[PDB]
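The file final.cif comes next; it holds mmCIF, N, CA and C atoms.
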data_target
loop_
_atom_site.label_atom_id
_atom_site.label_comp_id
_atom_site.auth_asym_id
_atom_site.auth_seq_id
_atom_site.Cartn_x
_atom_site.Cartn_y
_atom_site.Cartn_z
N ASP A 553 14.21 -148.34 42.83
CA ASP A 553 12.95 -147.61 42.75
C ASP A 553 12.76 -146.72 43.97
N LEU A 554 13.17 -147.19 45.14
CA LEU A 554 13.06 -146.42 46.38
C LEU A 554 14.38 -145.70 46.67
N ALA A 555 14.74 -144.81 45.75
CA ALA A 555 15.98 -144.07 45.85
C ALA A 555 15.83 -142.74 45.14
N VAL A 556 16.55 -141.74 45.63
CA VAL A 556 16.51 -140.39 45.07
C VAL A 556 17.88 -139.93 44.61
N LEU A 557 18.94 -140.67 44.91
CA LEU A 557 20.28 -140.26 44.53
C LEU A 557 20.48 -140.40 43.02
N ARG A 558 21.52 -139.74 42.53
CA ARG A 558 21.85 -139.75 41.12
C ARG A 558 22.77 -140.92 40.79
N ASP A 559 23.09 -141.06 39.51
CA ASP A 559 23.92 -142.18 39.07
C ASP A 559 25.32 -142.11 39.66
N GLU A 560 25.78 -140.93 40.06
CA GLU A 560 27.15 -140.79 40.55
C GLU A 560 27.31 -141.41 41.93
N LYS A 561 26.56 -140.90 42.91
CA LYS A 561 26.63 -141.46 44.25
C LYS A 561 26.17 -142.91 44.27
N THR A 562 25.19 -143.25 43.44
CA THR A 562 24.75 -144.63 43.36
C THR A 562 25.85 -145.53 42.81
N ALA A 563 26.59 -145.04 41.81
CA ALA A 563 27.71 -145.81 41.28
C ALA A 563 28.79 -146.00 42.33
N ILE A 564 29.09 -144.94 43.09
CA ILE A 564 30.08 -145.05 44.16
C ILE A 564 29.64 -146.11 45.17
N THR A 565 28.37 -146.04 45.59
CA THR A 565 27.87 -146.98 46.58
C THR A 565 27.93 -148.41 46.05
N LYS A 566 27.54 -148.62 44.80
CA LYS A 566 27.56 -149.96 44.24
C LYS A 566 28.99 -150.47 44.07
N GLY A 567 29.92 -149.58 43.74
CA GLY A 567 31.32 -149.99 43.70
C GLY A 567 31.82 -150.43 45.06
N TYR A 568 31.49 -149.67 46.10
CA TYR A 568 31.86 -150.08 47.45
C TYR A 568 31.23 -151.42 47.82
N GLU A 569 29.95 -151.60 47.47
CA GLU A 569 29.28 -152.87 47.74
C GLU A 569 30.01 -154.03 47.06
N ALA A 570 30.27 -153.90 45.76
CA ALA A 570 31.00 -154.94 45.05
C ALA A 570 32.36 -155.20 45.68
N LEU A 571 33.06 -154.14 46.08
CA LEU A 571 34.37 -154.30 46.69
C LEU A 571 34.27 -155.01 48.03
N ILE A 572 33.15 -154.86 48.72
CA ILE A 572 32.97 -155.55 50.00
C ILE A 572 32.61 -157.01 49.78
N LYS A 573 31.79 -157.29 48.77
CA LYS A 573 31.41 -158.68 48.49
C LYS A 573 32.63 -159.57 48.27
N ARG A 574 33.77 -158.99 47.92
CA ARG A 574 35.02 -159.73 47.82
C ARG A 574 35.66 -159.99 49.18
N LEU A 575 34.95 -159.70 50.26
CA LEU A 575 35.44 -159.93 51.61
C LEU A 575 35.14 -161.33 52.11
N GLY A 576 34.76 -162.25 51.23
CA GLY A 576 34.41 -163.59 51.62
C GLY A 576 35.64 -164.47 51.81
N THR A 577 35.42 -165.77 51.67
CA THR A 577 36.47 -166.76 51.83
C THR A 577 36.96 -167.24 50.47
N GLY A 578 38.14 -167.83 50.47
CA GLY A 578 38.75 -168.32 49.25
C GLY A 578 39.87 -167.41 48.79
N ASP A 579 40.86 -168.01 48.13
CA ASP A 579 41.95 -167.24 47.57
C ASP A 579 41.41 -166.23 46.56
N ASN A 580 42.27 -165.29 46.17
CA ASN A 580 41.90 -164.19 45.29
C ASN A 580 41.08 -163.14 46.03
N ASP A 581 40.72 -163.41 47.28
CA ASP A 581 40.03 -162.46 48.13
C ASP A 581 41.02 -161.76 49.05
N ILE A 582 40.58 -160.66 49.64
CA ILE A 582 41.48 -159.79 50.41
C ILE A 582 41.92 -160.46 51.71
N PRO A 583 41.11 -161.29 52.37
CA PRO A 583 41.58 -161.89 53.63
C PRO A 583 42.78 -162.80 53.44
N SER A 584 42.69 -163.74 52.49
CA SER A 584 43.82 -164.62 52.21
C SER A 584 45.06 -163.82 51.84
N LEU A 585 44.90 -162.78 51.03
CA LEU A 585 46.06 -161.99 50.62
C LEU A 585 46.69 -161.28 51.81
N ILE A 586 45.86 -160.75 52.70
CA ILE A 586 46.38 -160.13 53.92
C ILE A 586 47.15 -161.15 54.74
N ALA A 587 46.56 -162.33 54.93
CA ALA A 587 47.25 -163.39 55.66
C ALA A 587 48.60 -163.70 55.02
N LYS A 588 48.66 -163.72 53.69
CA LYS A 588 49.91 -163.93 52.98
C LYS A 588 50.71 -162.65 52.83
N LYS A 589 50.17 -161.51 53.26
CA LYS A 589 50.85 -160.22 53.18
C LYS A 589 51.15 -159.84 51.74
N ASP A 590 50.29 -160.26 50.82
CA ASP A 590 50.41 -159.90 49.40
C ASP A 590 49.67 -158.58 49.13
N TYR A 591 50.18 -157.51 49.75
CA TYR A 591 49.56 -156.20 49.60
C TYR A 591 49.56 -155.71 48.16
N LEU A 592 50.26 -156.38 47.25
CA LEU A 592 50.35 -155.94 45.87
C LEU A 592 49.18 -156.42 45.03
N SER A 593 48.77 -157.68 45.21
CA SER A 593 47.67 -158.22 44.42
C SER A 593 46.38 -157.44 44.62
N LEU A 594 46.28 -156.66 45.69
CA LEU A 594 45.07 -155.86 45.90
C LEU A 594 44.97 -154.76 44.86
N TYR A 595 46.11 -154.17 44.48
CA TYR A 595 46.10 -153.09 43.51
C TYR A 595 45.55 -153.55 42.16
N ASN A 596 45.65 -154.84 41.87
CA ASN A 596 45.28 -155.40 40.58
C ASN A 596 43.89 -156.01 40.58
N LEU A 597 43.10 -155.78 41.63
CA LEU A 597 41.75 -156.30 41.66
C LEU A 597 40.93 -155.70 40.53
N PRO A 598 39.84 -156.36 40.14
CA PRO A 598 38.99 -155.82 39.07
C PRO A 598 38.07 -154.72 39.56
N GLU A 599 37.71 -154.77 40.84
CA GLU A 599 36.75 -153.82 41.39
C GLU A 599 37.33 -152.41 41.43
N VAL A 600 38.57 -152.28 41.90
CA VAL A 600 39.24 -150.99 41.83
C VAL A 600 39.34 -150.54 40.38
N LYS A 601 39.52 -151.48 39.46
CA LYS A 601 39.57 -151.13 38.04
C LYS A 601 38.24 -150.60 37.54
N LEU A 602 37.13 -151.02 38.15
CA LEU A 602 35.82 -150.50 37.75
C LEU A 602 35.48 -149.18 38.44
N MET A 603 36.03 -148.94 39.62
CA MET A 603 35.80 -147.68 40.31
C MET A 603 36.79 -146.59 39.91
N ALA A 604 37.89 -146.95 39.25
CA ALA A 604 38.88 -145.95 38.87
C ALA A 604 38.31 -144.79 38.06
N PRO A 605 37.45 -145.01 37.06
CA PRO A 605 36.96 -143.88 36.25
C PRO A 605 36.34 -142.78 37.09
N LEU A 606 35.86 -143.13 38.29
CA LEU A 606 35.24 -142.16 39.18
C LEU A 606 36.26 -141.29 39.91
N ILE A 607 37.54 -141.64 39.86
CA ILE A 607 38.55 -140.88 40.59
C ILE A 607 38.82 -139.57 39.86
N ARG A 608 39.11 -138.53 40.63
CA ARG A 608 39.57 -137.28 40.05
C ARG A 608 40.80 -137.56 39.19
N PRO A 609 40.76 -137.29 37.88
CA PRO A 609 41.87 -137.72 37.01
C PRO A 609 43.13 -136.89 37.14
N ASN A 610 43.05 -135.64 37.58
CA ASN A 610 44.21 -134.77 37.62
C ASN A 610 45.11 -135.01 38.82
N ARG A 611 44.67 -135.80 39.80
CA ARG A 611 45.45 -136.07 41.00
C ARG A 611 45.32 -137.53 41.42
N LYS A 612 45.06 -138.41 40.46
CA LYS A 612 44.87 -139.82 40.80
C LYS A 612 46.17 -140.49 41.20
N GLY A 613 47.30 -140.04 40.65
CA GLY A 613 48.57 -140.66 41.00
C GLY A 613 48.98 -140.36 42.43
N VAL A 614 48.88 -139.09 42.83
CA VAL A 614 49.33 -138.71 44.17
C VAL A 614 48.54 -139.47 45.22
N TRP B 676 44.70 -98.41 41.96
CA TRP B 676 44.40 -97.96 40.61
C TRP B 676 42.95 -98.31 40.30
N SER B 677 42.41 -97.67 39.27
CA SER B 677 41.03 -97.90 38.87
C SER B 677 40.88 -97.55 37.40
N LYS B 678 39.85 -98.13 36.79
CA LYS B 678 39.54 -97.80 35.41
C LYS B 678 38.89 -96.43 35.33
N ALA B 679 38.89 -95.87 34.12
CA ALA B 679 38.53 -94.50 33.80
C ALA B 679 39.64 -93.53 34.21
N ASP B 680 40.68 -93.99 34.91
CA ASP B 680 41.85 -93.18 35.21
C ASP B 680 43.12 -94.01 35.11
N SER B 681 43.10 -95.03 34.26
CA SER B 681 44.17 -96.02 34.22
C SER B 681 45.53 -95.39 33.97
N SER B 682 45.57 -94.15 33.49
CA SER B 682 46.83 -93.45 33.30
C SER B 682 47.44 -92.98 34.61
N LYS B 683 46.86 -93.33 35.75
CA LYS B 683 47.34 -92.89 37.05
C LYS B 683 47.55 -94.10 37.95
N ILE B 684 48.51 -93.98 38.86
CA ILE B 684 48.82 -95.05 39.81
C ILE B 684 49.10 -94.40 41.16
N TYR B 685 48.25 -94.65 42.14
CA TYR B 685 48.40 -94.04 43.45
C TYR B 685 49.36 -94.84 44.32
N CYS B 686 50.16 -94.11 45.10
CA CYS B 686 51.11 -94.70 46.04
C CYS B 686 51.03 -93.85 47.30
N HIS B 687 50.27 -94.32 48.29
CA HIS B 687 49.98 -93.55 49.50
C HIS B 687 49.24 -92.26 49.15
N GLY B 688 48.41 -92.31 48.11
CA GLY B 688 47.73 -91.14 47.60
C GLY B 688 48.53 -90.35 46.59
N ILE B 689 49.82 -90.61 46.45
CA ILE B 689 50.66 -89.90 45.49
C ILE B 689 50.35 -90.46 44.11
N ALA B 690 49.66 -89.67 43.29
CA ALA B 690 49.36 -90.07 41.92
C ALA B 690 50.62 -90.00 41.06
N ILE B 691 50.90 -91.09 40.35
CA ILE B 691 51.99 -91.16 39.40
C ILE B 691 51.40 -91.36 38.01
N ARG B 692 52.17 -90.96 37.00
CA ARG B 692 51.76 -91.02 35.61
C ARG B 692 52.43 -92.18 34.89
N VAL B 693 51.79 -92.60 33.81
CA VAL B 693 52.31 -93.66 32.94
C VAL B 693 52.90 -93.01 31.70
N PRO B 694 54.14 -93.33 31.32
CA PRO B 694 54.72 -92.71 30.12
C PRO B 694 54.00 -93.07 28.83
N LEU B 695 53.00 -93.94 28.91
CA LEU B 695 52.28 -94.44 27.75
C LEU B 695 50.79 -94.18 27.91
N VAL B 696 50.00 -94.73 26.99
CA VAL B 696 48.55 -94.66 27.04
C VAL B 696 48.00 -96.03 26.67
N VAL B 697 46.93 -96.44 27.33
CA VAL B 697 46.33 -97.75 27.10
C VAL B 697 44.83 -97.65 27.33
N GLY B 698 44.07 -98.40 26.53
CA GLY B 698 42.63 -98.48 26.67
C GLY B 698 42.15 -99.91 26.79
N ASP B 699 43.00 -100.87 26.40
CA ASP B 699 42.66 -102.28 26.47
C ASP B 699 43.75 -103.14 27.11
N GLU B 700 45.00 -102.67 27.16
CA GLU B 700 46.06 -103.46 27.77
C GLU B 700 45.74 -103.79 29.22
N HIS B 701 44.92 -102.97 29.87
CA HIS B 701 44.51 -103.20 31.25
C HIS B 701 43.15 -103.86 31.38
N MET B 702 42.27 -103.71 30.39
CA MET B 702 40.91 -104.21 30.52
C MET B 702 40.85 -105.71 30.75
N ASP B 703 41.94 -106.43 30.51
CA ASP B 703 41.95 -107.89 30.61
C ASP B 703 42.71 -108.28 31.87
N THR B 704 41.98 -108.42 32.97
CA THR B 704 42.54 -108.82 34.25
C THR B 704 42.08 -110.21 34.65
N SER B 705 41.51 -110.96 33.71
CA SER B 705 40.97 -112.29 34.01
C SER B 705 42.03 -113.23 34.56
N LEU B 706 43.31 -112.92 34.40
CA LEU B 706 44.39 -113.78 34.85
C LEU B 706 45.24 -113.17 35.95
N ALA B 707 44.94 -111.95 36.39
CA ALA B 707 45.72 -111.29 37.42
C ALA B 707 45.20 -111.57 38.83
N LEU B 708 44.09 -112.29 38.96
CA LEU B 708 43.54 -112.59 40.28
C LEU B 708 44.18 -113.84 40.87
N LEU B 709 44.07 -114.97 40.18
CA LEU B 709 44.64 -116.24 40.60
C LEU B 709 45.71 -116.69 39.61
N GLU B 710 46.33 -117.82 39.92
CA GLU B 710 47.48 -118.31 39.17
C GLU B 710 47.06 -119.16 37.98
N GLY B 711 46.36 -120.26 38.25
CA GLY B 711 45.97 -121.18 37.21
C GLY B 711 44.48 -121.20 36.95
N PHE B 712 43.83 -120.05 37.08
CA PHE B 712 42.39 -119.94 36.92
C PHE B 712 42.07 -118.73 36.06
N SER B 713 40.80 -118.60 35.70
CA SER B 713 40.33 -117.49 34.90
C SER B 713 38.91 -117.15 35.32
N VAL B 714 38.60 -115.85 35.36
CA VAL B 714 37.25 -115.44 35.74
C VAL B 714 36.25 -115.97 34.71
N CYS B 715 35.00 -116.08 35.14
CA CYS B 715 33.92 -116.53 34.28
C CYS B 715 32.64 -115.86 34.74
N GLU B 716 31.54 -116.16 34.05
CA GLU B 716 30.27 -115.53 34.37
C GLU B 716 29.82 -115.94 35.77
N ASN B 717 29.14 -115.01 36.44
CA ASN B 717 28.70 -115.26 37.81
C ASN B 717 27.72 -116.43 37.86
N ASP B 718 27.82 -117.22 38.92
CA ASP B 718 26.93 -118.36 39.13
C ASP B 718 26.81 -118.64 40.62
N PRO B 719 25.67 -118.36 41.25
CA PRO B 719 25.56 -118.59 42.70
C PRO B 719 25.60 -120.06 43.08
N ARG B 720 25.15 -120.95 42.20
CA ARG B 720 25.15 -122.38 42.52
C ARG B 720 26.55 -122.88 42.86
N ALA B 721 27.57 -122.30 42.23
CA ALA B 721 28.93 -122.77 42.48
C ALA B 721 29.28 -122.57 43.96
N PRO B 722 29.97 -123.52 44.57
CA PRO B 722 30.24 -123.42 46.01
C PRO B 722 31.43 -122.53 46.32
N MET B 723 31.31 -121.83 47.44
CA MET B 723 32.41 -121.03 47.96
C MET B 723 33.54 -121.93 48.43
N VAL B 724 34.77 -121.46 48.24
CA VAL B 724 35.97 -122.20 48.58
C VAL B 724 37.02 -121.22 49.09
N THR B 725 38.18 -121.76 49.42
CA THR B 725 39.31 -120.99 49.92
C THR B 725 40.45 -121.07 48.90
N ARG B 726 41.60 -120.51 49.26
CA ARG B 726 42.76 -120.53 48.38
C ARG B 726 43.54 -121.84 48.46
N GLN B 727 43.29 -122.67 49.47
CA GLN B 727 44.05 -123.90 49.67
C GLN B 727 43.45 -125.07 48.90
N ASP B 728 42.15 -125.32 49.07
CA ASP B 728 41.50 -126.43 48.38
C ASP B 728 41.58 -126.30 46.86
N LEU B 729 41.94 -125.12 46.35
CA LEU B 729 42.05 -124.93 44.90
C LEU B 729 42.87 -126.03 44.25
N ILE B 730 43.84 -126.58 44.97
CA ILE B 730 44.76 -127.55 44.38
C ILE B 730 44.01 -128.80 43.93
N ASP B 731 42.93 -129.16 44.63
CA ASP B 731 42.20 -130.39 44.37
C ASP B 731 40.99 -130.18 43.47
N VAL B 732 40.97 -129.12 42.68
CA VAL B 732 39.88 -128.88 41.74
C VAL B 732 40.22 -129.52 40.40
N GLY B 733 39.20 -129.67 39.57
CA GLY B 733 39.36 -130.21 38.23
C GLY B 733 39.08 -129.16 37.17
N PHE B 734 38.65 -129.61 35.99
CA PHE B 734 38.32 -128.72 34.89
C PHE B 734 36.82 -128.70 34.67
N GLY B 735 36.35 -127.65 34.00
CA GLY B 735 34.93 -127.45 33.84
C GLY B 735 34.17 -127.38 35.14
N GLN B 736 34.84 -127.02 36.23
CA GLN B 736 34.26 -126.99 37.57
C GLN B 736 34.35 -125.56 38.09
#
Would you write out, as structure tokens, the structure that this file holds?
Amino acid sequence: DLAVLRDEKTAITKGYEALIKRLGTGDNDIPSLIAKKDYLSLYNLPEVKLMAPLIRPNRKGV
Amino acid sequence: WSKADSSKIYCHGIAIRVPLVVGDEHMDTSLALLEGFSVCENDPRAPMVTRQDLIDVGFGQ
């Protein structure tokens, strides 16, 4: 209610928020994976999967 | 060169002639400015850019 931004920037901000909330403790989170050096399991997170539609589609691979 | 005299081509002021005649073959220059773009109706809201950032543009933009 106390906001003036549009759905786009708000969606970006909420995606970042959700991606940060995964910064807690417990496996399946980014800290444990970093400790295990499992840099691959990060690519398969669900949060990146929810923020992907927001990426520029013509250069998302590069 | 310029329209209304398209049958002429200046080279250091030296006017040259075209062996042909055209009234529309030249009127369409929408693709002679940039490589992968096309002119459209004027719109001031659209932001000014350079020739480099063009690579990171999308469609309908």
Quiz prompt | DSSP helix (DSSP H, G or I) residues within chain A, as a PyMOL selection string | solution = chain A and resi 559-573+582-588+598-606+609-611
Self-check item: Straight-line distance linking atom CA of residue 721 of chain B with atom CA of residue 735 of chain B, stated in Å to one decimal
Solution: 11.5 Å
Exercise. Within 12 Å of residue 573 of chain A, counting only C-alpha atoms, which residues show up once you throw out same-chain ones fewer than 6 positions away? Write them as a PyMOL selection string, please.
Key: chain A and resi 566-567+581-583+599
Practice problem: Would you kindly report the residues of chain B within 8 Å of chain A, using only N, CA and C atoms, as a ChimeraX atom specification? | Solution: /B:730-734
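Against this structure, the PyMOL selection byres (((chain B and resi 692 and name CA) around 6) and name CA) ends up with residues 682, 683, 691 and 693 of chain B.
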Output N, CA and C atoms of each residue in that selection to a file, as a PDB file, in the frame of the given file.
ATOM      1  N   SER B 682      45.570 -94.150  33.490  1.00  0.00           N
ATOM      2  CA  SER B 682      46.830 -93.450  33.300  1.00  0.00           C
ATOM      3  C   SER B 682      47.440 -92.980  34.610  1.00  0.00           C
ATOM      4  N   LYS B 683      46.860 -93.330  35.750  1.00  0.00           N
ATOM      5  CA  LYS B 683      47.340 -92.890  37.050  1.00  0.00           C
ATOM      6  C   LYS B 683      47.550 -94.100  37.950  1.00  0.00           C
ATOM      7  N   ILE B 691      50.900 -91.090  40.350  1.00  0.00           N
ATOM      8  CA  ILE B 691      51.990 -91.160  39.400  1.00  0.00           C
ATOM      9  C   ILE B 691      51.400 -91.360  38.010  1.00  0.00           C
ATOM     10  N   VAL B 693      51.790 -92.600  33.810  1.00  0.00           N
ATOM     11  CA  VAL B 693      52.310 -93.660  32.940  1.00  0.00           C
ATOM     12  C   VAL B 693      52.900 -93.010  31.700  1.00  0.00           C
TER      13      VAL B 693
END
Starting from the sparse input, extend segment 598-614 of chain A to N, CA, C and O atoms and give the output as an mmCIF file, in the frame of the given file.
data_model
loop_
_atom_site.group_PDB
_atom_site.id
_atom_site.type_symbol
_atom_site.label_atom_id
_atom_site.label_comp_id
_atom_site.auth_asym_id
_atom_site.auth_seq_id
_atom_site.Cartn_x
_atom_site.Cartn_y
_atom_site.Cartn_z
ATOM 1 N N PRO A 598 39.840 -156.360 40.140
ATOM 2 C CA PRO A 598 38.990 -155.820 39.070
ATOM 3 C C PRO A 598 38.070 -154.720 39.560
ATOM 4 O O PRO A 598 37.696 -153.814 38.800
ATOM 5 N N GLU A 599 37.710 -154.770 40.840
ATOM 6 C CA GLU A 599 36.750 -153.820 41.390
ATOM 7 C C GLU A 599 37.330 -152.410 41.430
ATOM 8 O O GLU A 599 36.666 -151.438 41.052
ATOM 9 N N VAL A 600 38.570 -152.280 41.900
ATOM 10 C CA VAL A 600 39.240 -150.990 41.830
ATOM 11 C C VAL A 600 39.340 -150.540 40.380
ATOM 12 O O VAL A 600 39.250 -149.341 40.081
ATOM 13 N N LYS A 601 39.520 -151.480 39.460
ATOM 14 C CA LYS A 601 39.570 -151.130 38.040
ATOM 15 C C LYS A 601 38.240 -150.600 37.540
ATOM 16 O O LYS A 601 38.205 -149.815 36.588
ATOM 17 N N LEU A 602 37.130 -151.020 38.150
ATOM 18 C CA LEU A 602 35.820 -150.500 37.750
ATOM 19 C C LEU A 602 35.480 -149.180 38.440
ATOM 20 O O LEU A 602 34.709 -148.391 37.889
ATOM 21 N N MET A 603 36.030 -148.940 39.620
ATOM 22 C CA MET A 603 35.800 -147.680 40.310
ATOM 23 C C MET A 603 36.790 -146.590 39.910
ATOM 24 O O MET A 603 36.543 -145.412 40.205
ATOM 25 N N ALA A 604 37.890 -146.950 39.250
ATOM 26 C CA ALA A 604 38.880 -145.950 38.870
ATOM 27 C C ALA A 604 38.310 -144.790 38.060
ATOM 28 O O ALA A 604 38.673 -143.638 38.339
ATOM 29 N N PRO A 605 37.450 -145.010 37.060
ATOM 30 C CA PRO A 605 36.960 -143.880 36.250
ATOM 31 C C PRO A 605 36.340 -142.780 37.090
ATOM 32 O O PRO A 605 36.284 -141.617 36.671
ATOM 33 N N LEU A 606 35.860 -143.130 38.290
ATOM 34 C CA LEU A 606 35.240 -142.160 39.180
ATOM 35 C C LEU A 606 36.260 -141.290 39.910
ATOM 36 O O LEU A 606 35.861 -140.285 40.519
ATOM 37 N N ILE A 607 37.540 -141.640 39.860
ATOM 38 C CA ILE A 607 38.550 -140.880 40.590
ATOM 39 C C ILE A 607 38.820 -139.570 39.860
ATOM 40 O O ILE A 607 38.767 -139.486 38.629
ATOM 41 N N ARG A 608 39.110 -138.530 40.630
ATOM 42 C CA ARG A 608 39.570 -137.280 40.050
ATOM 43 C C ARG A 608 40.800 -137.560 39.190
ATOM 44 O O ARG A 608 41.822 -138.019 39.720
ATOM 45 N N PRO A 609 40.760 -137.290 37.880
ATOM 46 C CA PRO A 609 41.870 -137.720 37.010
ATOM 47 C C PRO A 609 43.130 -136.890 37.140
ATOM 48 O O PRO A 609 44.213 -137.409 36.824
ATOM 49 N N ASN A 610 43.050 -135.640 37.580
ATOM 50 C CA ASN A 610 44.210 -134.770 37.620
ATOM 51 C C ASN A 610 45.110 -135.010 38.820
ATOM 52 O O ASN A 610 46.220 -134.461 38.862
ATOM 53 N N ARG A 611 44.670 -135.800 39.800
ATOM 54 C CA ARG A 611 45.450 -136.070 41.000
ATOM 55 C C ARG A 611 45.320 -137.530 41.420
ATOM 56 O O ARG A 611 45.464 -137.852 42.599
ATOM 57 N N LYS A 612 45.060 -138.410 40.460
ATOM 58 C CA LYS A 612 44.870 -139.820 40.800
ATOM 59 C C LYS A 612 46.170 -140.490 41.200
ATOM 60 O O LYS A 612 46.162 -141.429 42.000
ATOM 61 N N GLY A 613 47.300 -140.040 40.650
ATOM 62 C CA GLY A 613 48.570 -140.660 41.000
ATOM 63 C C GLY A 613 48.980 -140.360 42.430
ATOM 64 O O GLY A 613 49.314 -141.270 43.193
ATOM 65 N N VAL A 614 48.880 -139.090 42.830
ATOM 66 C CA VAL A 614 49.330 -138.710 44.170
ATOM 67 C C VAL A 614 48.540 -139.470 45.220
ATOM 68 O O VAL A 614 49.107 -140.159 46.081
#
